[PDB]
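What follows is a short report on a single structure.
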Amino acid sequence: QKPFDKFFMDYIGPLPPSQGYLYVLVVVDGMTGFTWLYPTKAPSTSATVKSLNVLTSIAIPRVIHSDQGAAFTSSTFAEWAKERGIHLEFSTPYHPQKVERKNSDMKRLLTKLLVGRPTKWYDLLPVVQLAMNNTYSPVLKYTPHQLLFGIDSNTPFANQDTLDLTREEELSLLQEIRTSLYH
Amino acid sequence: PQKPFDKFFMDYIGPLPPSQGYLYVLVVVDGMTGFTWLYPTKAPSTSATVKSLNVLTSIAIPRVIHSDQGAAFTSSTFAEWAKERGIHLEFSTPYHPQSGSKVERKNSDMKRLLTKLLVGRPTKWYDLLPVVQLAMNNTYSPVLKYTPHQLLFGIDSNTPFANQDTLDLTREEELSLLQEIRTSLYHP
Ligand SMILES: [Mn+2]
Ligand SMILES: [Mn+2]
């Protein structure tokens, strides 16, 4: 298999109103575990399509998996997916999601972090993403960023422990994610 | 010791025909790899620029962003967004080496081409924007010897597509775009 071949996606929220945003679309690459976070106003098809058009400008996935939230089961979303050539796969009573709990724990953690920062979470979201993808996974044996961008690639970060963060609210965020993500 | 995400070039193109609520595209180019991000927006405003760049900087914080002195980029709101993130903002001036040179010509060529492709599909360019970006980043550069995608994600890393010639695109609406891009990109 390959990166960008399959995505798992879900909405978290409603979150505390931060700069007018109430939800985050969480999209995870199935192979590398690389996570993209897209803040939105609603868990809607429109916002889902907006976000995924940005993501799928990089590569078009073979498959996307989600639960049956309204955003994902609409005929509009279905038509978007059909046109792009993307097969949609839903969590069904007869379909097998580990494969569910992994996502559940990370989304729980995600929600805790964002709700725990009521008015700043929107501005910190980019730091959350960055921190998650540059955190070592015991399952992977590398970080998701290493797996997407190349293990021995020269990274954008001068300091792999701080990730070139300097602000205290950001550094404590990185500390909290590093110690909670897979434990 | 140059690396991806060291330096961004950014600019707006537009106004374009209003496709699904959008009138502009923020064009961001990584200086090392030549990898291009395209973000559709309703306006060439600070708030649109911040919103778009917040998505991009979820991947990495650039050290320098180079733009013209457009109102969106010289506002104090945008200065504070950048200062808070340790991003150095650099502006085109009449005595700046990168404007009126090889860097400017290459950037202006790209943006002329982008504009042409989008204005040519007044109602549907928004739907096709992701195909434009894909095709740009997965076309070979004689200058580089590689594609921008190879340069950003790794030369030996897995190609997103499966068919090199078509990039897995099946609709002729998309294959038309790919042909234009392949023909025109580095033959300006
Ligand atoms: Mn859900
Ligand atoms: Mn401009």
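Just remember, in the structure tokens the first chain shown is A, the second B, etc., residues are 1-based per chain, and ligands are 1-based in the order shown.
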
Go through region 76-98 of chain A residue by residue and, counting only C-alpha atoms, keep those with an atom at most 12 Å from region 8-25 of chain A; for each kept residue give the shortest atom pair and its distance in Å to one decimal, ordered by chain and increasing number, as CSV.
```
residue,atom,partner,partner_atom,distance
A:88,CA,A:8,CA,10.3
A:89,CA,A:8,CA,9.5
A:90,CA,A:8,CA,10.0
A:91,CA,A:8,CA,10.6
A:97,CA,A:8,CA,10.4
```

All residues 8 Å or closer to region 10-27 of chain B, only C-alpha atoms, same chain fewer than 4 positions away omitted, as a list in words: residues 36, 37, 38, 39, 40, 41, 42, 43, 44, 49, 52, 65, 66, 67, 68, 111, 115, 118, 119, 122, 123, 124, 125 and 126 of chain B

How would the residues just picked look written out with C-alpha atoms as a compact mmCIF listing (two decimals), in the first residue's frame?
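Now in result.txt:
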```txt
# COMPACT_ATOMS: atom_id res chain seq x y z
CA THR B 36 2.88 25.16 -5.08
CA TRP B 37 -0.15 25.42 -2.79
CA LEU B 38 -3.40 26.95 -4.08
CA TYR B 39 -5.99 28.35 -1.67
CA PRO B 40 -9.27 29.73 -3.02
CA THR B 41 -10.62 32.77 -1.10
CA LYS B 42 -13.53 35.26 -1.32
CA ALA B 43 -11.16 38.27 -1.04
CA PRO B 44 -7.45 39.13 -1.10
CA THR B 49 -4.50 35.00 4.07
CA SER B 52 -5.12 29.81 4.47
CA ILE B 65 7.60 34.81 3.41
CA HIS B 66 8.19 36.96 0.33
CA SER B 67 5.30 38.96 -1.18
CA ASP B 68 4.48 42.27 -2.86
CA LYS B 111 0.77 33.22 -12.26
CA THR B 115 -4.84 32.94 -14.28
CA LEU B 118 -8.92 29.52 -14.21
CA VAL B 119 -10.51 32.40 -16.16
CA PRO B 122 -15.57 30.70 -15.19
CA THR B 123 -18.03 28.52 -13.29
CA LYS B 124 -15.96 25.38 -12.73
CA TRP B 125 -12.43 26.61 -11.85
CA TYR B 126 -13.04 26.15 -8.13
```

Mind listing as an MDAnalysis selection string which residues of chain A are within 7 Å of chain B, counting only C-alpha atoms? chainID A and resid 2 4 53:54 56:59 126:127 129:130 148:150 154 156

Could you pull out the residues in chain B that DSSP calls strand (DSSP E or B) from the backbone, as number ranges by chain? B: 7-13, 19, 22, 24-30, 36-41, 64-67, 88-91

Store the residues picked out above in a file with C-alpha atoms, as an mmCIF file, in the first residue's frame.
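Below you can see out_12.cif, which holds the result:
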```
data_model
loop_
_atom_site.group_PDB
_atom_site.id
_atom_site.type_symbol
_atom_site.label_atom_id
_atom_site.label_comp_id
_atom_site.auth_asym_id
_atom_site.auth_seq_id
_atom_site.Cartn_x
_atom_site.Cartn_y
_atom_site.Cartn_z
ATOM 1 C CA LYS B 7 11.183 30.356 2.148
ATOM 2 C CA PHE B 8 7.652 30.940 0.710
ATOM 3 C CA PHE B 9 6.698 33.180 -2.210
ATOM 4 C CA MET B 10 3.096 34.280 -2.066
ATOM 5 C CA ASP B 11 0.695 36.397 -4.094
ATOM 6 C CA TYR B 12 -2.980 36.570 -4.992
ATOM 7 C CA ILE B 13 -4.316 36.003 -8.457
ATOM 8 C CA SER B 19 -16.992 30.114 -8.814
ATOM 9 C CA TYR B 22 -14.681 32.368 -4.497
ATOM 10 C CA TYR B 24 -9.234 34.878 -5.623
ATOM 11 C CA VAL B 25 -6.533 32.250 -5.231
ATOM 12 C CA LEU B 26 -3.644 32.590 -2.834
ATOM 13 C CA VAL B 27 -0.626 31.060 -4.538
ATOM 14 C CA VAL B 28 2.141 29.923 -2.183
ATOM 15 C CA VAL B 29 5.400 28.502 -3.581
ATOM 16 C CA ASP B 30 8.140 26.819 -1.522
ATOM 17 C CA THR B 36 2.880 25.161 -5.079
ATOM 18 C CA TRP B 37 -0.152 25.423 -2.794
ATOM 19 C CA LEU B 38 -3.396 26.948 -4.083
ATOM 20 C CA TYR B 39 -5.986 28.351 -1.666
ATOM 21 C CA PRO B 40 -9.275 29.731 -3.019
ATOM 22 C CA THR B 41 -10.625 32.770 -1.095
ATOM 23 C CA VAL B 64 10.628 33.844 5.485
ATOM 24 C CA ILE B 65 7.599 34.807 3.407
ATOM 25 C CA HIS B 66 8.192 36.957 0.331
ATOM 26 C CA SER B 67 5.303 38.961 -1.184
ATOM 27 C CA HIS B 88 10.144 37.171 8.686
ATOM 28 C CA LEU B 89 8.059 39.087 6.154
ATOM 29 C CA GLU B 90 9.973 40.262 3.118
ATOM 30 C CA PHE B 91 8.512 42.679 0.531
#
```

Which distance in Å separates CA of residue 31 (chain B) and CA of residue 98 (chain B), to one decimal? 11.6 Å

Considering only C-alpha atoms, return as a list in words whatever protein or nucleic-acid residues lie within 12 Å of residue 71 (chain A), sequence-local ones (same chain, fewer than 6 positions apart) excluded.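 That gives residues 9, 10, 11, 25, 42, 43, 44, 45, 46, 47, 48, 49, 50, 77, 78 and 80 of chain A.
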
Saved selection, atoms kept: N, CA and C atoms, as a PDB file, in the first residue's frame:
```
ATOM      1  N   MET A   9     -11.686   9.677   8.432  1.00  0.00           N
ATOM      2  CA  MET A   9     -12.076  11.029   8.792  1.00  0.00           C
ATOM      3  C   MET A   9     -13.259  11.081   9.736  1.00  0.00           C
ATOM      4  N   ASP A  10     -13.301  12.143  10.533  1.00  0.00           N
ATOM      5  CA  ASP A  10     -14.348  12.354  11.523  1.00  0.00           C
ATOM      6  C   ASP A  10     -14.361  13.804  12.003  1.00  0.00           C
ATOM      7  N   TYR A  11     -15.523  14.262  12.470  1.00  0.00           N
ATOM      8  CA  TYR A  11     -15.625  15.557  13.148  1.00  0.00           C
ATOM      9  C   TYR A  11     -15.511  15.423  14.651  1.00  0.00           C
ATOM     10  N   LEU A  25     -12.469  19.004  11.451  1.00  0.00           N
ATOM     11  CA  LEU A  25     -12.410  17.780  10.671  1.00  0.00           C
ATOM     12  C   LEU A  25     -11.028  17.154  10.850  1.00  0.00           C
ATOM     13  N   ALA A  42     -19.314  24.334  10.971  1.00  0.00           N
ATOM     14  CA  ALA A  42     -20.339  23.305  11.081  1.00  0.00           C
ATOM     15  C   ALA A  42     -19.788  21.945  10.649  1.00  0.00           C
ATOM     16  N   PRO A  43     -20.373  20.841  11.159  1.00  0.00           N
ATOM     17  CA  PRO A  43     -20.001  19.528  10.655  1.00  0.00           C
ATOM     18  C   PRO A  43     -20.805  19.227   9.392  1.00  0.00           C
ATOM     19  N   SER A  44     -20.603  20.050   8.374  1.00  0.00           N
ATOM     20  CA  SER A  44     -21.433  20.037   7.190  1.00  0.00           C
ATOM     21  C   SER A  44     -20.695  19.490   5.988  1.00  0.00           C
ATOM     22  N   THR A  45     -21.460  19.039   5.003  1.00  0.00           N
ATOM     23  CA  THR A  45     -20.917  18.647   3.713  1.00  0.00           C
ATOM     24  C   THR A  45     -20.067  19.767   3.115  1.00  0.00           C
ATOM     25  N   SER A  46     -20.592  20.995   3.095  1.00  0.00           N
ATOM     26  CA  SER A  46     -19.888  22.123   2.469  1.00  0.00           C
ATOM     27  C   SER A  46     -18.479  22.305   3.031  1.00  0.00           C
ATOM     28  N   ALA A  47     -18.378  22.352   4.355  1.00  0.00           N
ATOM     29  CA  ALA A  47     -17.106  22.491   5.066  1.00  0.00           C
ATOM     30  C   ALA A  47     -16.195  21.281   4.858  1.00  0.00           C
ATOM     31  N   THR A  48     -16.803  20.096   4.778  1.00  0.00           N
ATOM     32  CA  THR A  48     -16.071  18.859   4.506  1.00  0.00           C
ATOM     33  C   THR A  48     -15.455  18.921   3.112  1.00  0.00           C
ATOM     34  N   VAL A  49     -16.259  19.343   2.133  1.00  0.00           N
ATOM     35  CA  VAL A  49     -15.824  19.456   0.729  1.00  0.00           C
ATOM     36  C   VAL A  49     -14.749  20.529   0.600  1.00  0.00           C
ATOM     37  N   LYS A  50     -14.922  21.639   1.311  1.00  0.00           N
ATOM     38  CA  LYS A  50     -13.936  22.721   1.298  1.00  0.00           C
ATOM     39  C   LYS A  50     -12.562  22.208   1.771  1.00  0.00           C
ATOM     40  N   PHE A  77     -22.173  15.192  -0.890  1.00  0.00           N
ATOM     41  CA  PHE A  77     -20.860  14.594  -0.616  1.00  0.00           C
ATOM     42  C   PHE A  77     -20.609  13.395  -1.509  1.00  0.00           C
ATOM     43  N   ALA A  78     -21.627  12.551  -1.665  1.00  0.00           N
ATOM     44  CA  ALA A  78     -21.535  11.386  -2.547  1.00  0.00           C
ATOM     45  C   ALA A  78     -21.190  11.792  -3.973  1.00  0.00           C
ATOM     46  N   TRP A  80     -19.641  14.624  -4.852  1.00  0.00           N
ATOM     47  CA  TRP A  80     -18.259  15.117  -4.817  1.00  0.00           C
ATOM     48  C   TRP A  80     -17.283  13.937  -4.949  1.00  0.00           C
TER      49      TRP A  80
END
```

Nearest residue to residue 61 (chain A) out of B:162, B:144, B:113, B:72, using only C-alpha atoms?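 Of the candidates, the smallest distance to residue 61 (chain A) is held by B:162.
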
From a DSSP pass on the backbone, collect the residues of chain B flagged as alpha helix (DSSP H) and hand them back as a VMD selection string. chain B and resid 46 to 56 71 to 74 76 to 83 102 to 119 125 to 137 148 to 153 172 to 184

Write out as a list in words each polymer residue whose atoms come within 12 Å of residue 32 (chain A), counting only C-alpha atoms; drop sequence neighbours fewer than 5 positions from it. residues 1, 2, 3, 4, 5, 6, 7, 8, 27, 133, 134, 136, 137, 139, 140, 141, 142, 143, 144, 145, 146, 147, 148, 149, 150 and 151 of chain A; 157 and 158 of chain B
